């Protein structure tokens, strides 16, 4: 697959957090994504387990059932961020968190993701994902909600 990286990946709580973008996409179920024709990019959060992940994920595994909120701000622009929620989905290169986004033209942008664990109150998937807690097969508690930021230059794609 072809993609454009946003800065350098960041490591927290036994996970690698990377930001990427590509052209707007089409998704099933329809009507969840902003129409490809009314967007500039498809923004994505690539979250994979590092070695010795404390929540039982083997290295390189996709970290599922997370909830991601983003804020995108143009440097030198209005000052008001472009906000939204990402959705979990699968593409030809595998599962990820993404959203179709309309930007404010070419320039430098600041990107911030707020990453919610499976048990967060804000996470709508919390009733559907468990975690073993017994000695034999149990794992460490979930990480706390955190935020991650990068800068990037958008030219149009």
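Residue numbers count along the first chain shown, from 1.
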| item | value |
| --- | --- |
| Entry-level comparison of average CA B-factors, 6 to 14 and 142 to 150, reporting the higher stretch | 6 to 14 |
| Residue stretch of maximal mean CA temperature factor, 28 to 36 vs 92 to 100 | 28 to 36 |
| Candidate residues 69, 131, 121, 48, the one whose C-alpha B factor the record puts highest | 121 |
| Cα B factor band for residue 106 (lowest, middle or highest third within the chain) | highest |
| Third of chain Cα B-factors occupied by residue 55 | middle |
